[PDB]
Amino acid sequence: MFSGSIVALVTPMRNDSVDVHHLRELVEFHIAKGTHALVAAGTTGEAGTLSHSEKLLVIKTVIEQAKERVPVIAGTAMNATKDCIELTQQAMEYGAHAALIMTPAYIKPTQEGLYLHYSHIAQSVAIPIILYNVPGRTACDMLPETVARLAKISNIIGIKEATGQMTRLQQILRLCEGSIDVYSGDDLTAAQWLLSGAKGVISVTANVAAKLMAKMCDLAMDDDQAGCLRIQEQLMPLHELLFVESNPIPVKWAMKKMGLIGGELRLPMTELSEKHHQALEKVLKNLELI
């Protein structure tokens, strides 16, 4: 349903309120740069500290500004199944084209509990759903067998798989045989995944290098393996630096430096440590982004 470079948008903030002005500008930037879809209120968008109202404001802002020029995916995870259904229902009603649903965090449901969670959400809300597995943050790993069961629920169209593990990508494809799209959720390994059966990448780097990310994905879609890997190597110093502290700390600093946003983070997230500024400015300059 989606492909290519899908940006996990930061949520611009100004004096601890959502910076609608800059968020709208980012939608126009991505449309101009040829990003293939937008994710609103994902992890890179500080979903973990935004209130329910703010998540909805961010989703609505992006959808309204896009004016059907580029698809919009809404992050709608909540730990309780009943809460996730309500948030996913409002994102659907706002016009989101799909819901990206991270697993519950911290509470560590069983595989059974994950199946019940997503199957209840999909039965309750008539919107395409992209599963999102990121055990390195949630302490919950969705196993490939669970993935294959959920692929039989027809509104479950995709999985953003952030583990960076090639054997994980290959076990899901082996078990599902096309019955679910896999999107990389790890910029550092995205090109290998796009060349090995993944449909796209839900990307942090695309916030900063949108054109190059779109190009890299387009070359992979054109089976230009050498071309794709060429651009991946060009990005790799930027990919590494964007996780030097927890995302979205580095990306906000880079976008700050580029003049795209104020670069504010809501506590307990903090602006990028001064020790990394030098290395990241150097990368941004080389890539001609500043």
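Each residue number is its position in the shown sequence, starting from 1.
For the pair 47-55 and 255-263, the record assigns the higher mean C-alpha temperature factor to 255-263. The question of which stretch, 172-180 or 78-86, has the higher mean Cα B factor is settled in favour of 172-180. Sort the modelled residues of the chain by CA B factor and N15 lands in the middle third. Among all modelled residues in its chain, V7 ranks in the lowest third by Cα B-factor.
In this PDB entry, the Cα temperature factor of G42 sits in the middle third of its chain's modelled residues. Sort the chain's modelled residues by C-alpha temperature factor and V27 lands in the middle third, per the entry. Split the chain's modelled residues into thirds by C-alpha temperature factor. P250 is in the middle one.
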